[PDB]
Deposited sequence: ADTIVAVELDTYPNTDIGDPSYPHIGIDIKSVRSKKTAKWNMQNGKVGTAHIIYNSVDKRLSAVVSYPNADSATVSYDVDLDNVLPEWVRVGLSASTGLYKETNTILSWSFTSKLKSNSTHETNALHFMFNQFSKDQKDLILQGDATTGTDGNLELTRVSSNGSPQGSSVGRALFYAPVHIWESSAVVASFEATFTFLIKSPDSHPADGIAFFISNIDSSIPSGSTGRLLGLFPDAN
């Protein structure tokens, strides 16, 4: 299967296994059973922002989700991604809807990754920023029900029970054995919108092997990321 490191915004009622019986943000390392979680107060129809950061000096992957005029939920996890991920990966977003009609709208998305080498300054860097998606977004690989262009946004899920992913087209070198400091950072703004006020829903920024594709039956609480709940 795909190796997948992800930061999920999960509102699924999956009081299923290690799953919080409440909406939470969690860090997932190769499994849908989050290695760490924190309670998140989803706000239906509000635009929230997620910031994920990681650097190899700390080896700590962190994420903060906030909504204007509210609190932020933050979650961290010590992990050395060099041991988990392959050197070259693809980064993307993903979402899955439950039995409900709700939309998983991405208003903006940016990412930056850098590899500073120890030989005085050999910095390599990749940075992309989308503040407006277009109908024919060729630097994105869309998977599932995901589409771009409607109002200049990226609709991950079809516009229930939908799954869609968007991955940036160029492979990203997230680490190399020679960097003295490798680090990345991503930010995206999203709008979860549902008529039922308790929608079971999921969005996640993720990092996977470059050929990753939606695994069979990874619907609902598996966020289009995992093939099973193991």
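Could you spell out the stretches of the deposited sequence that were left without C-alpha coordinates, going in sequence order?
No coordinates exist for the deposited residues in 160-166, so this stretch alone is absent from the model.
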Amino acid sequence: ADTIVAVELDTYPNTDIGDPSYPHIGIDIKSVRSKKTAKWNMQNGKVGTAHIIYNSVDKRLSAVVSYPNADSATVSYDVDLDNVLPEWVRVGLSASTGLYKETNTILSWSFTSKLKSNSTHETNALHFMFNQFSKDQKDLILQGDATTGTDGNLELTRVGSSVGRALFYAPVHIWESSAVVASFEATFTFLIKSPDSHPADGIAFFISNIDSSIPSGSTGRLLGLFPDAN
From here on, numbers count along this sequence of modelled residues.
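Rigid core: the largest C-alpha set superposing within 1.5 Å between the two forms.
Once everything is fitted on the core, do the CA positions of 97-105 or those of 67-75 lie farther from the shown form in 9 other deposited structures of this protein?
When 97-105 and 67-75 are compared in 9 other deposited structures of this protein, 97-105 lies farther out.
Would you mind working out which of 164-172 and 190-198 sits farther from this form in 9 other deposited structures of this protein by RMS C-alpha distance, with the rigid core as the fit?
Of 190-198 and 164-172, the stretch deviating more in 9 other deposited structures of this protein is 190-198.
Please compare 20-28 with 202-210 and say which has the higher mean C-alpha temperature factor in the record.
20-28 has the higher mean C-alpha B-factor.
Tell me which stretch has the larger mean Cα B-factor in this entry, 94-102 or 131-139.
Looking at the recorded C-alpha B-factors, 94-102 comes out higher on average.
Identity of residue with top Cα B-factor, from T189, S194, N55, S66
Within the set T189, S194, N55, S66, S194 shows the top C-alpha B-factor.
So if I compare the CA B-factors in the entry for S183, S178, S62, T37, which one is the largest?
Comparing C-alpha B-factors across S183, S178, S62, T37, the maximum falls on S178.
Would you mind checking where the Cα B-factor of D71 ranks among the modelled residues of its chain, as the lowest, middle or highest third?
Highest third.
CA B-factor placement of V47, once the chain's modelled residues are sorted into thirds:
According to the entry, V47 has a C-alpha B-factor in the chain's middle third.
Quick check for you: using the entry's CA B-factors within this chain, is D80 in the lowest, middle or highest third?
Answer is lowest: the recorded C-alpha B-factor places it there.
Where does the C-alpha B-factor of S119 rank in its chain, lowest, middle or highest third?
It falls in the top third of the chain.
What third of its chain's C-alpha B-factors does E87 belong to: lowest, middle or highest?
Its C-alpha B-factor belongs to the lowest third of this chain's values.
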